[PDB]
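Okay, structure first, notes after.
Every residue, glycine among them, receives a Cβ derived from its backbone with ideal geometry; neighbour counts consider all protein chains shown. No value in this document is a laboratory result; all are computed from the given coordinates.
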Amino acid sequence: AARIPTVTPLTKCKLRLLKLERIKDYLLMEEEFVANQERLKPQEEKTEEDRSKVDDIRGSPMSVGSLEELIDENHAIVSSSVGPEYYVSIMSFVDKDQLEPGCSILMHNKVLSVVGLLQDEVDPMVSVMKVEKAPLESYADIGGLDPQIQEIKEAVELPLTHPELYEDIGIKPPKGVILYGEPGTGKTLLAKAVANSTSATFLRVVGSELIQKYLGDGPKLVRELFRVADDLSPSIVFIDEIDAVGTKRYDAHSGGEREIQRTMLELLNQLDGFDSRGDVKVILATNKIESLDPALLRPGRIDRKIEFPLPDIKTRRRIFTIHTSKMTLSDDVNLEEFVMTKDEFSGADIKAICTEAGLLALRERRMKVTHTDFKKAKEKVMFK
Amino acid sequence: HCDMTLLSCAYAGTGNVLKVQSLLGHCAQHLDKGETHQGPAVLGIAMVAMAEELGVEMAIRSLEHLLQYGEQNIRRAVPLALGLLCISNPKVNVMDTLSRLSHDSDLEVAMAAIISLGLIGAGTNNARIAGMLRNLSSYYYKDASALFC
Amino acid sequence: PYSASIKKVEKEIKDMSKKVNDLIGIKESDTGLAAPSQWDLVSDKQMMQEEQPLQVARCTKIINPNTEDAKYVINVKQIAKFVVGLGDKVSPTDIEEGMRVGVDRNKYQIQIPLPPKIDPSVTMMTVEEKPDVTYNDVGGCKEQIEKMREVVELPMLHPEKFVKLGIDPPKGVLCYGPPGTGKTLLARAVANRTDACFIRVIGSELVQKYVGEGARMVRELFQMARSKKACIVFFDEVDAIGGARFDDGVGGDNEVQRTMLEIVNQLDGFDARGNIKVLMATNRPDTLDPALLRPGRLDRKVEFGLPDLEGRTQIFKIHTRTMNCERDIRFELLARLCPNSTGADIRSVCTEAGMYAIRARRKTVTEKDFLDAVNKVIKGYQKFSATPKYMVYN
Amino acid sequence: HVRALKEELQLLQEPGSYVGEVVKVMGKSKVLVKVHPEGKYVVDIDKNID
Ligand SMILES: Nc1ncnc2c1ncn2[C@@H]1O[C@H](COP(=O)(O)OP(=O)(O)OP(=O)(O)O)[C@@H](O)[C@H]1O
Ligand SMILES: Nc1ncnc2c1ncn2[C@@H]1O[C@H](COP(=O)(O)OP(=O)(O)O)[C@@H](O)[C@H]1O
């Protein structure tokens, strides 16, 4: 395990052979030194006698406790799962590296001495926000704009692409990129590509999810999201629908405006607080940035500003040719006819029209889509 | 002692890895009190390894390992061997190892490390060697033998 | 030529390394177990010494002793209260009433005293590692730097002049300025500068859920501070903990008033904190309560604004100390091209200049590159700019 | 039948059996289940259970 990290040779030179021979000789010498211990004074099996003695010494029934402090010298203070605080000491196999409040410490059954640590596999906040699988295909599935695709790449992937180019320039990646655009502009579609291309951990945060019902909760949720993402690994955590900070008012939360304000202040602190957050990137999007708190956007907390406009009349062509790739459409109609049907047909409009045309073709169970299906879908989409 | 001294002087400067491995294996054997045969083995390891810079580096690493796991005789011999390996070549790592060794509780190891330091800095007039020697002289004012060394 | 000769030999050695390490025992991945070569001591004696010798001696809380005798009182938060006594290995001068200690698991006698419980809520809020912000990296506020040092460093650096002079050193300092004007960039500087402990109280880190569950956190922080020799507690976003009292009709926005009052009380009057210097930083100080800002608790009221003409030049010189740019660049012309921008804006400008230069082909920054970056960061991102809505401090 | 019935006399003499619900299982027969009012704990498994 990590015996030698020198691989710089990367060839058939004699240096690599010499290093390998020296390592083999050292391993053989260590093995020879170790073998004589059992040859002369084995005194036990050393394979199962030790394990059996450990099992019979440490309390056989190990309970689920909780470490709450640190006592280096053969001592520890915790509370019994029933509630009674304990002064359980440290055992031989303590391996005292997880001595932090919360990790259950397993004590003996006879004398209740610390027997084992509590392997933790929960991370509730992280799990309620961890992306398991890639959302969508590569960036080519976004289509049309790519004014931020290069910009977003430089902001996130470029730091992860080969972080020597920004190193050779003597700078660190941009702080943050906030994607603001018209409703249904495809901001979520941008995060789709970000995740399908992403390399490090990614967390998804529902915008309203930062505002809780119990007073003081929202700041706790923000601090917990920050801890989970930062403490987990290099991450790209997107808190979508940031406008929900104060735009929508709900009676579930006991606090009024001074609760959304507190949540926003806690978010700002967690973004640019008083410590080193580490290697963590943030990419948030909103559709109404006119009401977002001005402090949460000052260069230093959210650095890169990205605006997403509606698909262009030239971009609409690529959008349509993309969203209808696998459709068995009949050559009766020409997409350009509906291309100019809507004066302000956004990206979501093309997908809605395609889906409506597919559904209409389905109602008759036909094999292809006719021009009339698209005509009837266009009115049902824009007109309602 | 005679056999290992003959083997060491025979293969000195030849860089034959197999003889170095044999000497290391001989050193790795725990010996009852009275056998001074390990020191000659370490010196022979250094003599064989001097020929190659890679040999010098691997010998330095093996000497560090032996110092960590060596007996009192091996501990006394290691400073002399590593001083032999780097005569007139003040390598920073070796100088730091000698600085750490010169403060050992055993006086003989201390004088061995001091003499190795003097050998390494021979003819280079290194300021760092002079300074650390001054510090050692200040530390060892009360001891006549240490001051002499 | 012997491509397979070396790869096979290396693979054989790599496989044999594991084949020999498995013969001593490192495998059998456990769920919180140490190395068999890490608990070796406790096999027959040490375990029979680490286990047989000691007892759990569960910890509890004391109420007070009774005079005319030892007459100590045993009380358990969750188990029971009881008349108990200390052990033979304790002194009778240290019989603190209300002290956390463990009693003999059988004899129900306190055999070992303990330090006060840490309340991990305020125990996690210690720095323990100064930031990477140094004095040379916070240029542009030399006067503010001197003023802050006179309150945090100078008074503790040579505590001989203040005794000879005969005046109590200034108590604290409040740094209120437009957003991004360099408040945290200096608080990290204060943290990495001195050696006394600095406690970071995030303005949101005090609003608790239950009624009064937050103020208790203030008392805990104040105690954890006064416990040490000298402490400097820096609170940011102080606009959240408490602004003022304006209760009218239905009781609202009052709970924060209790937290602010508790913070003030531990900060002034009734045997005040003493060897603890406050360093707060508000970004919208207009709402700060009259009592908190009243001298004697936060006497110094330093303000950090936008560098006028030379502050921008110093920010460019400092934040660009490690950027590969053409030597023929005229930075002062850039500092004159940013009428009213924040220091964080200057750092972001240096960053954007780096990014633009790295964009197409260049390997070193160009003066025109910095100019183009200014046109977007300041002239392009000016829509919000975060300055106009907070310049009046409201 | 009578021998059994007399056997149940001592059967009801031995202590009862607690109820368990393993929240998480561990390899090599390790169990940490939810004690009714207490919680969980690290224990082993029986002889004839898959
Ligand atoms: N005078 C300065 N010298 C160096 N860097 C500065 C200076 N002023 C601001 N900065 C930069 O500002 C950033 C940190 O300061 P920050 O923006 O947090 O200040 P702030 O006033 O606390 O902000 P906010 O009140 O909005 O939280 C860093 O990028 C830092 O380099
Ligand atoms: N090429 C495209 N450009 C823009 N949006 C697209 C494109 N293709 C599909 N969309 C639609 O964009 C939407 C992505 O969500 P988004 O527009 O960000 O929602 P919101 O703006 O309400 O958060 C989806 O409805 C998706 O079908």
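How long are the semi-axes of the ellipsoid equivalent to the range A:1-102, from square roots of 5 times the Cα gyration tensor eigenvalues, in whole Å, largest first? Present the calculation step by step, with values, prior to reporting the outcome.
Values: eigenvalues 373, 108, 22 Å².
Those come to 43, 23, 10 Å.
Sorting B:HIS103, B:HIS26 on the 10 Å Cβ count, fewest up front, what's the list?
B:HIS103, B:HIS26
Assigning unit charges at the beta carbon (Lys, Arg +1; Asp, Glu -1) and nothing else, what dipole magnitude in debye, to the nearest 20, does chain C show about its Cα centre?
In total the dipole reaches around 1120 debye.
To check my understanding: the extent here is largest minus smallest coordinate of the Cα atoms along each principal axis. What are those three numbers for the range A:178-293, in Å, largest first?
Taking max minus min along each principal axis of the Cα atoms, the range A:178-293 gives 40, 35, 21 Å.
Taking a virtual spin label 7 Å from the Cα of C:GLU129 along the C-beta vector, which residues in the range A:279-310 bring their backbone nitrogen under 16 Å of it?
From the range A:279-310, the list is A:279-280.
Taking N as the number of residues in the range C:1-139, what is its Cα Rg relative to 2.2 N^0.38 Å?
This ratio for the range C:1-139 stands at 1.93.
Can you list the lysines whose alpha carbon sits under 25 Å from that of A:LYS314, skipping same-chain ones fewer than 8 residues off?
A:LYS153, A:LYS187, A:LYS192, A:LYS305, A:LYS326, A:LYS342, A:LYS351, A:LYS375, A:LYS376, A:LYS378, A:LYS380
Got a sec? Charge dipole of chain C, +1 on Cβ for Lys and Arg, -1 for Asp and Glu; which of C:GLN382, C:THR366, C:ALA187 is way out at the positive end?
C:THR366
Give me the compactness ratio for chain D, meaning the Cα radius of gyration over 2.2 N^0.38 Å.
Details: Rg = 15.5 Å, N = 50, 2.2 N^0.38 = 9.7 Å.
Taking the Cα Rg and dividing by 2.2 N^0.38 Å, one obtains 1.59.
What's the magnitude of the charge dipole for the range A:253-335 around its Cα centre, counting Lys and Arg as +1 and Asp and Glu as -1 at the beta-carbon? Answer in Debye, nearest 20.
Values: 14 positive and 13 negative charges, 59 e Å.
Dipole magnitude for the range A:253-335 comes out near 280 debye.
Report the Cα-based extents of chain B along its three principal axes, largest first, to the nearest Å.
43, 35, 23 Å, listed from the longest principal axis down.
Specify which residue in the list B:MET47, B:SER138, B:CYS9 is farthest towards the positive end of the charge dipole of chain B, using unit charges on the beta carbon of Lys, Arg (+1) and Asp, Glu (-1), about the Cα centre.
My answer, from the dipole projection, is B:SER138.
Could you give log10 I(q)/I(0) at q = 0.13, 0.15 Å⁻¹ for the range C:163-319, computed by the Debye formula over C-alpha point scatterers of equal weight, without solvent?
After summing over all Cα pairs, the log10 values are -0.65, -0.84.
In Å and whole numbers, how far do the C-alpha atoms of the range C:332-394 stretch along each principal axis, longest first?
Cα extents, longest axis first: 44, 21, 16 Å.
Please order C:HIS158, D:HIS1 by the number of other Cβ within 10 Å, starting at the fewest.
By the 10 Å Cβ count, ascending: D:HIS1, C:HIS158.
Roughly how big is the protein assembly as shown's charge dipole about its Cα centre, with Cβ charges of +1 (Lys, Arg) and -1 (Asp, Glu), in debye to the nearest 20? All intermediate terms of the calculation are to be shown ahead of the outcome.
Numbers: 132 positive and 143 negative charges, 462 e Å.
Dipole of the protein assembly as shown, to the nearest 20 debye: 2220 debye.
Select from A:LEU203, A:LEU18, A:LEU329 the residue whose mean-square fluctuation is largest in a Gaussian network model of chain A (Cα-Cα springs shorter than 10 Å).
Taking springs between Cα atoms under 10 Å, the residue moving most is A:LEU18.
Efficiency by 1/(1 + (r/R0)^6): what FRET value for A:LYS380 and A:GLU182, r their Cβ-Cβ distance, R0 = 22 Å, to the nearest 0.05?
0.55
Let me know the whole percent of all Cα-Cα pairs from the range C:127-206 that are separated by more than 20 Å.
Working: 1192 of 3160 pairs.
When every Cα pair of the range C:127-206 is considered, 38 percent fall beyond 20 Å.
Let me know the mean shielding of C:44-52 by other chains, meaning the per-residue number of their Cβ atoms within 10 Å of its Cβ.
Counting other chains' Cβ atoms within 10 Å and averaging over C:44-52 gives 5.
Can you give the Rg/Rh ratio of chain C, where Rg is from the C-alpha atoms and Rh is the Kirkwood radius?
Checking Rg against Rh, the ratio lands at 1.12.
In a solvent-free Debye calculation with one equal scatterer on each Cα, what is log10 I(q)/I(0) for the range C:261-394 at q = 0.17 Å⁻¹, listed in the order of the q values?
Scattering profile of the range C:261-394, log10 relative to I(0): -0.89.
Between C:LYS45 and B:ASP3, what is the label-to-label distance in nm when each label sits 7 Å out along the Cα-to-Cβ direction?
The two pseudo-label positions are separated by 3.7 nm.
Take B:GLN29 and A:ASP332, extend 7 Å from each Cα along the Cα→Cβ direction, and tell me the distance between the two endpoints in nm.
My value for the distance between the label points is 9.8 nm.
Taking a ≥ b ≥ c as the square roots of the Cα gyration tensor eigenvalues, with a/c under 1.5 meaning rounded and otherwise prolate when a/b beats b/c, else oblate, which class fits the range C:220-305? Show your work: numbers first, answer last.
Details: a/c = 2.08, a/b = 1.39, b/c = 1.50.
Here the range C:220-305 falls in the oblate category.
Can you compute the radius of gyration and Dmax for the range A:320-384, using only the Cα atoms, both in Å?
10.8, 32
Have a look at A:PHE308, C:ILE315, B:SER62 and report the one farthest towards the positive end of the charge dipole of the protein assembly as shown, computed about the Cα centre with Cβ charges (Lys/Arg +1, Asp/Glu -1).
Of the candidates, A:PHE308 comes out farthest on the positive side.
When the Debye formula is applied to the Cα atoms of the protein assembly as shown, each taken as the same point scatterer, what base-10 log of I(q)/I(0) results at q = 0.06, 0.07, 0.08 Å⁻¹?
Result of the Debye calculation: -0.71, -0.95, -1.19.
For chain A, rounded, prolate or oblate, judged on the Cα gyration tensor with a ≥ b ≥ c (square roots of eigenvalues), a/c < 1.5 rounded, else prolate if a/b > b/c?
prolate
Using the structure shown, list the pairs from A:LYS96/C:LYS183; C:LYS317/C:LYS379; A:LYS130/C:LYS383; A:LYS96/C:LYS14; A:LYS53/D:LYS47 with a Cα-Cα distance above 29 Å, or answer none.
Check vs 29 Å cut-off fails for A:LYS96/C:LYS183; A:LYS130/C:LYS383; A:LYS96/C:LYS14.
Springs between alpha-carbon pairs under 10 angstrom, Gaussian network model over chain A: which of A:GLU182, A:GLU337, A:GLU49 fluctuates most?
A:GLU49
Specify whether the C-alpha gyration tensor of the range C:290-344 places it in the rounded, prolate or oblate class, a ≥ b ≥ c being the square roots of the eigenvalues: rounded for a/c under 1.5, otherwise prolate if a/b is larger than b/c and oblate if not.
prolate
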